[PDB]
Amino acid sequence: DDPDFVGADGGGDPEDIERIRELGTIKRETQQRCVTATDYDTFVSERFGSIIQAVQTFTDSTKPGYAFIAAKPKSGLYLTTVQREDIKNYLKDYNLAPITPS
Amino acid sequence: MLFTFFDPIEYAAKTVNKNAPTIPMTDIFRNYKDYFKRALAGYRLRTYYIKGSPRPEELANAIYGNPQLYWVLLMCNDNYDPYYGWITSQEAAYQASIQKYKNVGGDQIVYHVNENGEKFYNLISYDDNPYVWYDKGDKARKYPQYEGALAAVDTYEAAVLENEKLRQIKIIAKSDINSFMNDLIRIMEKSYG
Amino acid sequence: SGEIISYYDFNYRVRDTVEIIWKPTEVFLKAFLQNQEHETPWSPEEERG
Amino acid sequence: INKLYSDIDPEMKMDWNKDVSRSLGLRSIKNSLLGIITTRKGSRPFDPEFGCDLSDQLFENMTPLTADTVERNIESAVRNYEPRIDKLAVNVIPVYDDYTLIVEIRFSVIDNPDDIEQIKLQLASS
């Protein structure tokens, strides 16, 4: 353990019939896919923002099919590679078919 | 009844440590003693006596019918402490005396008082003539500072006379107590600004 | 000999290689006993005097 | 409702498991009542009106008036400081030989105004 504890977790109404409305009002908006730019990094930095301090997604119109994200591993001035293969891997799950994020 | 009158003040604990939070509190730091002089000076104080060993404010009711004004009595009494400044029963006083002397010693004969009432401190008779008194630290045999029959004072009894003095108080008439009240109040407005 | 001294959580997950120095100059541990005494209570007292 | 009106045990008895003992609901109500009655008037620090006064002189000589006079005060006293009792009735029997007031009080807590319960109190020292 860490020195933060309670005997158990879990519970819930579950519903809270009003509170769920939002949740329903929300998830209808959600995507499992990643598209645009800032959709990615969010979902991206959901993973190891502990490493990439902030991930900055961008493209270039001159070259389609591709996506760029900016990463400080914050352990180093340059993002180390082993991440770059680890991430893009895990990333690769959601890639808009015409597009290869990079 | 007073301190609630003025606005409560915020207070910083700075100078205990360079950073401590600031706290609001009801104000003790208006003097009130000068506040109750100026207004007080208008009328008069009337000496007064106490029937027993009551509490100041418990006693403050019977005179004025209002328990809330104890302080009026208090400032006319202007004692140092409300706890030991007041009349006190024999039981406590002795115990109080018991307390204060206990480490030194119990039942300590405090002083010799002559017939005339003159307290004689630090005195003992060499016992050959109990009427001649050589004081003490002397080993006697020398310099009896007095001769005759004197009383000695028991620390219990000693406690009594102390609290005894507290009996009479100077007070202001229950008639004027009201008329007085407004004036001081008005002064506090001048004292607010 | 057994058991464990301590655990390096590694902060994230890597593959195939690892390199680590102790930023406290290769010594990870400096253990500190300084200045405490346990016993001291507080109690009433007679002031004498 | 015995859960309600949780009050400290007046004696501060040792309770098993070591916590402060307690007067339970309606067990406390008696205590507070039992507390308010005995107390001499004026003995509260800032409240002179508290307590039901007793004059041993008047306490010495009982008359249906003197009884009645006392009969009001308690009924009066309890009524002011104890809202937990809705319907309350006092009975005082002064006893001639030792000059002792014994007092019965039937009262009803708010929650069970139809229920009736009485207490037996006697007073002495004439």
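Pick out the one residue from D:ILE1, D:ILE74 that is touching a strand residue (DSSP E or B) at 6+ places or on another chain (Cβ under 9 Å) and assigned to a loop (DSSP other than H, G, I, E, B).
Values: D:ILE74 fails: assigned to a loop (DSSP other than H, G, I, E, B).
Going through D:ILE1, D:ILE74 in turn, the sole match is D:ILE1.
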- Which condition number does D:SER108 fail, the rest of (1) without any contact (Cβ under 8 Å) to a residue 24 or more places away in the chain; (2) loosely packed, with under 15 Cβ neighbours inside 10 Å; (3) of a type in the set (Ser, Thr, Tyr); (4) farther than 26 Å from B:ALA62 by Cβ being met? (2)
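Within segment B:10-43, can you find the residues that are touching a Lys or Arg at 6+ places or on another chain (Cβ under 9 Å) and touching a residue at least 12 places away in the same chain (Cβ under 8 Å)? Working first, answer last.
Applying the first criterion (touching a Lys or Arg at 6+ places or on another chain (Cβ under 9 Å)) to segment B:10-43 yields B:20, B:22, B:39.
If the condition is that a residue be touching a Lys or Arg at 6+ places or on another chain (Cβ under 9 Å) and touching a residue at least 12 places away in the same chain (Cβ under 8 Å), then B:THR22, B:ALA39 are the ones that fit.
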- Task: Please find, among B:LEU59, B:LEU45, B:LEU69, the residue that is at negative phi, away from every other protein chain (no Cβ under 14 Å) and not polar (S, T, N, Q).
- Result: B:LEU45
- Query: If you go through segment B:168-191 one residue at a time, do you hit one that is among the charged types (D, E, K, R) and part of a loop (DSSP other than H, G, I, E, B)?
  - Reply: no
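With the requirement that a residue be away from every other protein chain (no Cβ under 13 Å) and more than 11 Å from B:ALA159 (Cα to Cα), what does segment B:86-105 give you? Outline the logic, then answer.
Within segment B:86-105, the first condition is being away from every other protein chain (no Cβ under 13 Å), and the residues that meet it are B:86-97.
If the condition is that a residue be away from every other protein chain (no Cβ under 13 Å) and more than 11 Å from B:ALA159 (Cα to Cα), then B:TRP86, B:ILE87 are the ones that fit.
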- Task: For residues that are surrounded by 12 or more Cβ atoms within 10 Å (Cβ to Cβ) and more than 20 Å from C:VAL18 (Cβ to Cβ), scanning just segment A:72-93, find the one that is nearest to the chain's Cα centre (by Cα).
- Result: A:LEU91
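Any chance segment B:72-85 includes a residue that's more than 30 Å from B:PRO144 (Cα to Cα), touching a residue at least 40 places away in the same chain (Cβ under 8 Å) and of a type in the set (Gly, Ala, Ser)? Talk me through it step by step, then tell me what you get.
Step one: list which residues in segment B:72-85 are more than 30 Å from B:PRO144 (Cα to Cα), which gives B:72-85.
Now drop any that are not touching a residue at least 40 places away in the same chain (Cβ under 8 Å), which leaves B:72-73, B:75-78, B:85.
Those left that are additionally of a type in the set (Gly, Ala, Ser): B:85.
Yes, there is a match, as at least one residue in segment B:72-85 is more than 30 Å from B:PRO144 (Cα to Cα), touching a residue at least 40 places away in the same chain (Cβ under 8 Å) and of a type in the set (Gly, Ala, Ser).
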- Item | Among (1) within 30 Å of C:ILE20 (Cβ to Cβ); (2) away from chain C (no Cβ under 14 Å); (3) hydroxyl-bearing (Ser, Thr, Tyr) - the single one A:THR57 does not satisfy | (1)
- Collect the residues in segment A:67-102 that are closer than 16 Å to A:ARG47 by Cα, touching a strand residue (DSSP E or B) at 6+ places or on another chain (Cβ under 9 Å) and hydrophobic (A, V, I, L, M, F, W, C), keeping them in residue-number order. A:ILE69, A:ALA70, A:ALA71, A:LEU79, A:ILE87, A:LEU91
- Subset of segment C:13-28 (residues that are surrounded by 10 or more Cβ atoms within 10 Å (Cβ to Cβ) and either at the interface with chain A (Cβ under 10 Å from one of its Cβ atoms) or in contact with a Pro (Cβ under 9 Å, 6 or more places away or on another chain) (or both)): C:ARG13, C:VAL14, C:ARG15
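Would you confirm whether or not segment C:29-45 contains a residue that is within 12 Å of another protein chain (Cβ to nearest Cβ) and closer than 30 Å to B:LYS100 by Cβ? Quick ask: steps written out before the conclusion?
Step one: filter segment C:29-45 for residues within 12 Å of another protein chain (Cβ to nearest Cβ), giving C:45.
The next check asks that each one be closer than 30 Å to B:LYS100 by Cβ; those that pass are C:45.
For segment C:29-45, residues within 12 Å of another protein chain (Cβ to nearest Cβ) and closer than 30 Å to B:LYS100 by Cβ: present.
Let's see how each residue does on (1) of a type outside the set (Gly, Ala, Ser); (2) in contact (Cβ under 8 Å) with a residue 24 or more places away in the chain; (3) assigned to a strand (DSSP E or B):
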| residue | (1), (2), (3) |
| --- | --- |
| A:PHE43 | yes, yes, no |
| A:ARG47 | yes, yes, no |
| A:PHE58 | yes, no, yes |
| A:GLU85 | yes, no, no |
| A:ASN89 | yes, no, no |
| A:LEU96 | yes, yes, no |
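Every number here is computed from the coordinates shown, using simple stated rules; none is lab data. Here the Cβ is made from the backbone with ideal geometry for all residues, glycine too, and neighbour counts use every protein chain on show.
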